[PDB]
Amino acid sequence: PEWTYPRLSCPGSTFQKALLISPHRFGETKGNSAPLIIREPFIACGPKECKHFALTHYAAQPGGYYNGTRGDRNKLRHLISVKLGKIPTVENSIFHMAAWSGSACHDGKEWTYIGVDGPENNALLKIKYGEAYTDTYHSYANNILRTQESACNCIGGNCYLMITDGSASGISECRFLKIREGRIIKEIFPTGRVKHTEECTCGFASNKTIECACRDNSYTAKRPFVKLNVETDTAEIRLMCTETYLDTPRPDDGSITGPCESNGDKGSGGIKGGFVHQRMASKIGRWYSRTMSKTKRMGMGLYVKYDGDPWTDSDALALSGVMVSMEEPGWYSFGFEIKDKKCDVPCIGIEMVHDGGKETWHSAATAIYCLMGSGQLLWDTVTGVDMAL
């Protein structure tokens, strides 16, 4: 086998509903299954297989370890996976490493797995290549060293990963690691609007550029937007200019006054956002998702824009379809690409969290939408799960 590279996307002009992974449809008291309790799911694909990753709390439904499953970080949390299409139960899953923050990617020869754990003030990112633990990176701002909760991206054997460190309420200046065969060979320090960047959802816009739509959890409801040049290994960050603000919470569309760079209102709090590239011969599409509600983690709409510069274009994003109605939960969302025989298929996945508060279990389903055929997006996704059962 050989190193992989991004290719032209497969033909298409609309996303459709592809596949639901709702493990908790089998978690009843009256049933006989063991779906794992998770959050922060995401998908990453190699040349033959797509794997479905998540961060488990090392407990199952039904069970007696529900207390603490709404928490973010503890000493039991682990990165797990199954082959996409399999239900992530106790027996089906594989446990990769301890982690309360994760990522993964295939370089064409082998899987790289990324997981952060350790204490608040001095967390530690850990890298695993196939079966071997190979390297680490240390906390540099001593406040919850952190990573993407989605697929890293490899080209020509060089995989690029976003990390961040700092206060969830204040400054969190992100970096990028460049990783080869499980080992870190360069640190990349972005320039520009670097005040606060988290949980970048990243992909290839071409053989030369990686772009990421990220989260600012303090200052703005506009998404920070990264452009990484992989030939010179330099990165730059500015806010997205569109009036279709992609974060949650957010104010009404277009109501932030000033030029592209203004923050301005309802900027504290946030959500991880979906983002994927459609690469055509002489054109590029950018697909994004955002909650249906402006304040709450409910619903998910798909949006799209062809060409232009997301840093300077104030034009509204075209609303493509409703993937999750307002009456269903829409939490984190992410992008990934499936590898067809001669082309790549852009997809958006959506974490659909079963939230009933800290007094019962806390987990999530995963809905998948991909570019397929022509026309308009046709159907939405429900989890089907009743949390009383």
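Numbering starts at 1 and follows the sequence shown.
Comparing the deposited coordinates for 308-316 and 141-149, the stretch with the larger average C-alpha B-factor is 308-316. According to the PDB record, 260-268 carries the higher mean C-alpha B-factor of the two stretches 260-268 and 120-128.
The entry lists C-alpha B-factors for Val276, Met280, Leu84, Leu161, and the highest of these is at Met280. In the PDB entry, the Cα temperature factor peaks, among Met300, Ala168, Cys214, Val90, at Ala168. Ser101: CA B factor in the lowest third of modelled residues in this chain (values from the PDB entry). In the deposited entry, the Cα temperature factor of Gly46 places it in the highest third of its chain's modelled residues. When the modelled residues of the chain are ordered by C-alpha B-factor, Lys178 sits in the lowest third. In this PDB entry, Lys227 carries a Cα temperature factor that places it within the middle third of its chain's modelled residues. Sort the modelled residues of the chain by CA B factor and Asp252 lands in the highest third.
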